[PDB]
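Asks: Pasting a structure here, questions to come.
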Amino acid sequence: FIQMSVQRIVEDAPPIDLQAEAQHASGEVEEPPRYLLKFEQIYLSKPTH
Amino acid sequence: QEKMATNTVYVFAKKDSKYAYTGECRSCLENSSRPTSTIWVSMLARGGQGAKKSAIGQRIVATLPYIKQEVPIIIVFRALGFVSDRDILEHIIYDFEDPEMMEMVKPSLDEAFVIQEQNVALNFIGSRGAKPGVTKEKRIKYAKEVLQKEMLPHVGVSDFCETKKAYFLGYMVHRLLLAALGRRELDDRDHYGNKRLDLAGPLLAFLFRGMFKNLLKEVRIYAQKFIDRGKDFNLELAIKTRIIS
Amino acid sequence: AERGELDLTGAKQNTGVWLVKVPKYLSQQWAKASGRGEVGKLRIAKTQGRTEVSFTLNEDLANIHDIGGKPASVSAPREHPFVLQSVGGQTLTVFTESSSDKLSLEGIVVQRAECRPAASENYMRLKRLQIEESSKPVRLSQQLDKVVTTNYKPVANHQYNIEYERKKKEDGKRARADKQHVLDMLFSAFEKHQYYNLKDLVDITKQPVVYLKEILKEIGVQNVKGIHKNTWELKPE
Amino acid sequence: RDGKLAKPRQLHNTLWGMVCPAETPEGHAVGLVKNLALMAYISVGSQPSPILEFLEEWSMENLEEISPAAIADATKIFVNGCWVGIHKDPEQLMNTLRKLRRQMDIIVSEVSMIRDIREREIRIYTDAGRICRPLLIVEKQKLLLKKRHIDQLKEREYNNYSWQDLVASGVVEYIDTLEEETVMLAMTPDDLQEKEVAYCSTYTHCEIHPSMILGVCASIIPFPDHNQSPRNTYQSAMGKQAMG
Amino acid sequence: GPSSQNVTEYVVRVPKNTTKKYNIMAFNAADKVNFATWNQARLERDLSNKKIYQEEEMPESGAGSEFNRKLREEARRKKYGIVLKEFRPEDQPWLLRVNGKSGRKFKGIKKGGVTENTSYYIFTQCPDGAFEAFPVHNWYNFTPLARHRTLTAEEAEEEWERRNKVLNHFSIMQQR
């Protein structure tokens, strides 16, 4: 579970797309910003308190 | 805990109500989301109408997921790209040289002559789910995703998987007909080989997946306020470390 | 001369082509051929009751490797026999597609073969090829012992300091005098569509809500328009 | 929960060797509460991706490649309930996979091979939930375990010879409930090995010890067969709520 | 005979770069269609894939898994933009029209994985004697399709047909 199950879910696609609003009639809009995240590998260190 | 083995077609005895046989079979994913998806294929026990067909006992009308009432299974073959009886009979059995197995499937072939076009079969499935007005075009897209992602998710959820999915459904129908005629016994429910277990694997993966979608949901709520104001993306704030714990 | 025009050539000449199934461990070796594209010779032996078709690799090709070292294969070539299959029951034809959006036709497949080894390798090397081709940590983590890395404290907030630089550049607190420029900009907006939204007029103009109401209630009238939202329009009278 | 109304439990034939029969509470939870045998391994799950690649090379076609109408002569095979292909020679199909399974090449702790003739169905399940346990491999009505391997077990206290090295020798293998149904099981390599009076001499597997069917509390009472069968179930409820 | 006595030996070459793609067009031996009876053909892309567009009817249209972007948690939020039309650059089935338009029309489903386990190579007989390898890019399995039919009226005649099932097909085509 703490080797393959915690990463099989992350292996799919946790990040989702996100596009900003258009907001026309405000000068030069061109294209709204679009931010996107990305993961890689999970980490689990020693149990500390 | 303990659960029954999924992705396995089993034949049970259900003669307490108006049914006679029941072919319960689950269809859960390997390690993704496994939304149960239990395929309910039962056989009714009614016999005798009056003056119409007088052959209701030969019907099947399985209970497909989500679906309100019961719909026949031969209508699904029209939507899988097969409009001929030669191809549909090939999915059931690979050797049609047995005259005994013909008298059981012959009355079921009459229900397929009412829908010949493949586009029509995609509309009859989505029409029984709800009622999105009078537009028949929107009912086609819903039947496309349910047939691939919802119906039998373990065999594949891709678009080009409809060809491989058609052969898997034929084996489930042929196995139920053998026990409902006189060539196969009934499967035992207390058989330990036909059941599985739930230890620290699939159980803990469900909790790690349930709160995982909530983690992304809480970040999206904070992301909705970003496009409203217009500052800088803050990631160290939207990530909650106590709701999951 | 048309885009989706199929050049029917092999259907009238009856061209006989073959089909050979090649796996993955053999296709990667033929990608690095010598010269133009020579990979070896083919030996076809047909007797009175036994057909033996084996392929012989090239001498120069038997010294190159791909995505790994691949031992016992970069020395001397081996024998790759073919297994003929049945083509009846399904007509197989081959068509092409040029880069300039042009279609054509080759012929009809009349023989199908497969690359199956016979008395050359058991399993002591096939299992190693499945691991060498992957060369992955199988997605799973490789631990990290323990770390105590935290975050940075810029005695403020990275999401608020950037906004302060843009807010001080052009503030919304503007002056106003002589109601004439606002009314002149209404002809360039209401010319397209009849009615509009209240929030759309705030972004176009540069006046607050408490001041925009004094102008909209002078030459216009409000109406719900069956959409509940405040919809302003010009007076038709 | 999912299924009721006139559905008793009683005792099933598959409980032999997997679940301890004489270990259940004496209250109203009798029969419903299950346990585990003394020697039994629980499956954890594996990916049959390196297994599917090897089966395609051993003469196997694809569903989207040929037609099932012109193949009615081979035997089908299933992987996790899904069909992957056929094989024209079903004799050497399961014999080849069995030899490699005993040579430390196939995970015996998850992958299980099942060959059936009445249904012509070859099912292979590699998902978690099954219960497996090792058995003594019997080849040619004789025990495959050699006396020389007994001396290597004592070498563990001096050198190194763990349980992983014994499985690779090919004398032991994990058998679940599905593979045990299609094979033959023996009692002890002594009485059944006599060629004088024996109804059958085609044994494939053998039990480790007859006392492996008991559990934790069931192995405390001496001689559980000389006592009454329902009285042996009360001991598991007494030893749990005891002092010491 | 020549097919059981002649022993030949040639050279097979696998070109690296090519100027045209290579695919497979499968038919059906049960129909037995003569190849010499074909004069012209118009092999184009599929047209039915460019029909559906709008699909913002939820959950009015139904559902049993709450397919709202796949989250089954929240609801509404008009931003389903997820059913955009994308007749791939290469994932579209071909549409063959032999002899005009209503003469002979074929349609097939494109195969999913083609180079997952093994690969398909095409060997041709060159005039010099050597063999040339053609790497197969995609797979296709065309199916026969009927000509002009159009049954017409599928939602008005189906409810009355299942109620009694006492009618004939000759009374439906005559009205159309």
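Asks: For segment E:8-46, enumerate the residues that are of a type in the set (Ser, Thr, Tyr) and part of a loop (DSSP other than H, G, I, E, B).
Replies: Within segment E:8-46, the first condition is being of a type in the set (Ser, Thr, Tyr), and the residues that meet it are E:8, E:10, E:18-19, E:22, E:37.
Passing the criteria: E:18, E:19, E:37.
Asks: Select from segment B:62-101 the residues that are of a type in the set (S, T, N, Q) and without any contact (Cβ under 8 Å) to a residue 40 or more places away in the chain and write down the one among them that is surrounded by the fewest Cβ atoms within 10 Å (Cβ to Cβ). Before you say what the answer is, go through the steps one by one.
Replies: Going residue by residue through segment B:62-101, those that are of a type in the set (S, T, N, Q) are B:63, B:69, B:84.
Adding the requirement that they be without any contact (Cβ under 8 Å) to a residue 40 or more places away in the chain leaves B:63, B:84.
On the way: B:63: 16, B:84: 12.
Checked segment B:62-101; the qualifying residue surrounded by the fewest Cβ atoms within 10 Å (Cβ to Cβ) is B:84.
Asks: Is it the case, given these coordinates, that residue B:200 is within 14 Å of chain D (Cβ to nearest Cβ) and more than 27 Å from the chain's Cα centre (by Cα)? Full working, then the answer.
Replies: Details: within 14 Å of chain D (Cβ to nearest Cβ): yes; more than 27 Å from the chain's Cα centre (by Cα): yes.
Judged against the criteria, residue B:200 is a match.
Asks: Please verify whether segment D:131-152 includes one or more residues that are of a type in the set (S, T, N, Q), more than 14 Å from every other protein chain (Cβ to nearest Cβ) and free of Cβ contacts under 8 Å to residues at least 60 places away in the same chain. Full working, then the answer.
Replies: Applying the first criterion (of a type in the set (S, T, N, Q)) to segment D:131-152 yields D:141, D:152.
Now restrict to residues that are more than 14 Å from every other protein chain (Cβ to nearest Cβ): D:141, D:152.
If we keep only those that are free of Cβ contacts under 8 Å to residues at least 60 places away in the same chain as well, we get D:152.
Yes, that holds for at least one residue.
Asks: Related question: For segment C:60-98, enumerate the residues that are at the interface with another protein chain (Cβ under 9 Å from one of its Cβ atoms), in contact (Cβ under 8 Å) with a residue 24 or more places away in the chain and assigned to a loop (DSSP other than H, G, I, E, B).
Replies: C:86
Asks: Go through D:57, D:61, D:53 for me and flag whichever is more than 11 Å from chain B (Cβ to nearest Cβ) and within 26 Å of the chain's Cα centre (by Cα). Before you say what the answer is, go through the steps one by one.
Replies: Working: D:57 fails: within 26 Å of the chain's Cα centre (by Cα); D:61 fails: within 26 Å of the chain's Cα centre (by Cα).
Of the residues listed, the single one that is more than 11 Å from chain B (Cβ to nearest Cβ) and within 26 Å of the chain's Cα centre (by Cα) is D:53.
Asks: Also: When you look at residue D:199, is it crowded, with 17+ Cβ neighbours inside 10 Å, part of a loop (DSSP other than H, G, I, E, B) and out of contact with any helix residue (DSSP H, G or I) (no Cβ under 9 Å at 6 or more places or on another chain), yes or no?
Replies: no
Asks: Output the residue which, of all residues in segment C:9-35 that are more than 7 Å from chain E (Cβ to nearest Cβ), free of Cβ contacts under 8 Å to residues at least 60 places away in the same chain and part of a loop (DSSP other than H, G, I, E, B), is surrounded by the fewest Cβ atoms within 10 Å (Cβ to Cβ).
Replies: So the residue we want is C:35.
Asks: If you don't mind, there's one more thing I want to ask. In segment A:5-32, what residues are among the aliphatic types (A, V, I, L, M) and either more than 8 Å from chain B (Cβ to nearest Cβ) or more than 21 Å from residue B:210 (Cα to Cα) (or both)?
Replies: Start the filter on segment A:5-32 by keeping residues that are among the aliphatic types (A, V, I, L, M), which leaves A:6, A:9-10, A:13, A:16, A:18, A:20, A:22, A:25, A:29.
Matches in segment A:5-32: A:10, A:13, A:18, A:20, A:22, A:25, A:29.
Asks: Evaluate the following for residue B:126: is it of a type outside the set (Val, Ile, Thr), within 8 Å of chain E (Cβ to nearest Cβ) and either touching a residue at least 40 places away in the same chain (Cβ under 8 Å) or in a helix (DSSP H, G or I) (or both)?
Replies: On the way: of a type outside the set (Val, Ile, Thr): yes; within 8 Å of chain E (Cβ to nearest Cβ): yes; either touching a residue at least 40 places away in the same chain (Cβ under 8 Å) or in a helix (DSSP H, G or I) (or both): yes.
When the stated conditions are applied, residue B:126 passes them.
Asks: Quickly run through segment D:170-187 and pick out the residues that are assigned to a strand (DSSP E or B), closer than 19 Å to residue D:140 by Cβ and out of contact with any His (no Cβ under 9 Å at 6 or more places or on another chain).
Replies: Of everything in segment D:170-187, just one residue is assigned to a strand (DSSP E or B), closer than 19 Å to residue D:140 by Cβ and out of contact with any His (no Cβ under 9 Å at 6 or more places or on another chain), namely D:172.
Asks: May I ask you to list the residues in segment D:169-183 that are under 10 Å from the mean Cα position of the chain (by Cα) and more than 8 Å from every other protein chain (Cβ to nearest Cβ)? Write out each step before concluding.
Replies: Taking segment D:169-183 first, the residues under 10 Å from the mean Cα position of the chain (by Cα) are D:173-181, D:183.
Across segment D:169-183, the qualifying residues are D:173, D:174, D:175, D:179, D:180, D:183.
Asks: Residue check: is residue B:205 part of a helix (DSSP H, G or I), at the interface with another protein chain (Cβ under 10 Å from one of its Cβ atoms) and touching a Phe, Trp or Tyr at 6+ places or on another chain (Cβ under 9 Å)?
Replies: Criteria met by residue B:205.
Asks: Same structure, new question: Is there any pair linking a residue in segment B:140-151 that is farther than 14 Å from residue B:81 by Cβ and free of Cβ contacts under 8 Å to residues at least 60 places away in the same chain to one that is surrounded by 18 or more Cβ atoms within 10 Å (Cβ to Cβ) and among the hydroxyl-bearing types (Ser, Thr, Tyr), with Cβ under 9 Å and at least six apart or on different chains, and which?
Replies: Filtered contacts from segment B:140-151: B:141/E:61; B:142/E:61.
Asks: Then there is this: Can you tell me which residues in segment E:41-60 are at the interface with another protein chain (Cβ under 7 Å from one of its Cβ atoms) and either in contact with a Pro (Cβ under 7 Å, 6 or more places away or on another chain) or in contact (Cβ under 8 Å) with a residue 60 or more places away in the chain (or both)?
Replies: E:57, E:60, listed by residue number.
Asks: Output the number of the condition that residue C:101 fails; it satisfies all remaining conditions of (1) in contact with a helix residue (DSSP H, G or I) (Cβ under 8 Å, 6 or more places away or on another chain); (2) more than 9 Å from every other protein chain (Cβ to nearest Cβ); (3) under 23 Å from residue E:41 (Cα atoms); (4) among the acidic types (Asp, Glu).
Replies: With (1) in contact with a helix residue (DSSP H, G or I) (Cβ under 8 Å, 6 or more places away or on another chain); (2) more than 9 Å from every other protein chain (Cβ to nearest Cβ); (3) under 23 Å from residue E:41 (Cα atoms); (4) among the acidic types (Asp, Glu) applied to residue C:101, the lone miss is (1).
Asks: Also: From the list E:36, E:63, E:75, which residue is in contact with a helix residue (DSSP H, G or I) (Cβ under 9 Å, 6 or more places away or on another chain), loosely packed, with under 11 Cβ neighbours inside 10 Å and without any contact (Cβ under 8 Å) to a residue 40 or more places away in the chain?
Replies: Numbers: E:63 fails: loosely packed, with under 11 Cβ neighbours inside 10 Å; E:75 fails: in contact with a helix residue (DSSP H, G or I) (Cβ under 9 Å, 6 or more places away or on another chain).
Going through E:36, E:63, E:75 in turn, just one is in contact with a helix residue (DSSP H, G or I) (Cβ under 9 Å, 6 or more places away or on another chain), loosely packed, with under 11 Cβ neighbours inside 10 Å and without any contact (Cβ under 8 Å) to a residue 40 or more places away in the chain: E:36.
Asks: Let me ask something additional. Tally the residues that are assigned to a loop (DSSP other than H, G, I, E, B), over 21 Å from residue E:78 (Cβ atoms) and of a type in the set (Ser, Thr, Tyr), restricting the search to chain A.
Replies: Residues meeting the conditions: 4.
Asks: Among the numbered conditions (1) within 14 Å of chain E (Cβ to nearest Cβ); (2) closer than 20 Å to residue B:185 by Cα, tell me where residue B:37 comes up short.
Replies: (2)
Asks: Out of D:72, D:22, D:37, I need the residue that is surrounded by fewer than 17 Cβ atoms within 10 Å (Cβ to Cβ) and either within 11 Å of another protein chain (Cβ to nearest Cβ) or in a loop (DSSP other than H, G, I, E, B) (or both). Which one? Steps first, please.
Replies: Numbers: D:22 fails: surrounded by fewer than 17 Cβ atoms within 10 Å (Cβ to Cβ); D:37 fails: surrounded by fewer than 17 Cβ atoms within 10 Å (Cβ to Cβ).
Checking each option against the conditions leaves just D:72.
Asks: Pairs please, first residue from segment C:139-159 and within 11 Å of chain B (Cβ to nearest Cβ), second anywhere and surrounded by 10 or more Cβ atoms within 10 Å (Cβ to Cβ) and among the hydrophobic types (A, V, I, L, M, F, W, C), Cβ atoms under 6 Å, 6+ apart in sequence or on different chains.
Replies: Listed by first residue and then by second, the contacts come to nothing, as the list is empty.
Asks: Another one. Kindly provide the set of residues from segment E:108-153 that are within 11 Å of chain B (Cβ to nearest Cβ), assigned to a loop (DSSP other than H, G, I, E, B) and among the hydroxyl-bearing types (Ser, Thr, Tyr), ordered by number.
Replies: Of everything in segment E:108-153, those that are within 11 Å of chain B (Cβ to nearest Cβ), assigned to a loop (DSSP other than H, G, I, E, B) and among the hydroxyl-bearing types (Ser, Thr, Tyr) turn out to be E:150, E:152.
Asks: Which condition breaks for residue B:179 when tested against (1) more than 16 Å from the chain's Cα centre (by Cα); (2) surrounded by fewer than 16 Cβ atoms within 10 Å (Cβ to Cβ)?
Replies: The single condition residue B:179 does not satisfy is (2).
Asks: From the list C:56, C:51, C:47, exactly one residue is surrounded by 16 or more Cβ atoms within 10 Å (Cβ to Cβ) and polar (S, T, N, Q). Which is it?
Replies: Values: C:51 fails: surrounded by 16 or more Cβ atoms within 10 Å (Cβ to Cβ); C:47 fails: surrounded by 16 or more Cβ atoms within 10 Å (Cβ to Cβ).
After ruling out the rest, the residue left standing is C:56.
Asks: Pick out the one residue from B:32, B:54, B:17 that is over 30 Å from residue D:128 (Cβ atoms), within 13 Å of chain E (Cβ to nearest Cβ) and in a loop (DSSP other than H, G, I, E, B). I'd like the intermediate steps shown before the answer.
Replies: Working: B:32 fails: over 30 Å from residue D:128 (Cβ atoms); B:17 fails: within 13 Å of chain E (Cβ to nearest Cβ).
Exactly one residue qualifies, and that residue is B:54.
Asks: Could you tell me which numbered condition residue E:42 fails, if it satisfies all but one of (1) surrounded by 11 or more Cβ atoms within 10 Å (Cβ to Cβ); (2) of a type in the set (D, E, K, R); (3) within 19 Å of residue B:141 (Cα to Cα)?
Replies: Checking residue E:42 against (1) surrounded by 11 or more Cβ atoms within 10 Å (Cβ to Cβ); (2) of a type in the set (D, E, K, R); (3) within 19 Å of residue B:141 (Cα to Cα), the one that fails is (3).
Asks: Scan segment B:23-47 for residues that are touching a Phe, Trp or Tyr at 6+ places or on another chain (Cβ under 8 Å) and either closer than 18 Å to residue D:1 by Cα or hydrophobic (A, V, I, L, M, F, W, C) (or both) and jot them down. Lay out the reasoning, then the answer.
Replies: Here is the first cut: in segment B:23-47, the residues touching a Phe, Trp or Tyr at 6+ places or on another chain (Cβ under 8 Å) are B:23-25, B:42-45.
Selection gives B:24, B:25, B:43, B:44, B:45.
Quick reminder, even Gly has a Cβ in these numbers, built from the backbone with ideal geometry, and neighbours come from all protein chains shown. No value in this document is a laboratory result; all are computed from the given coordinates.
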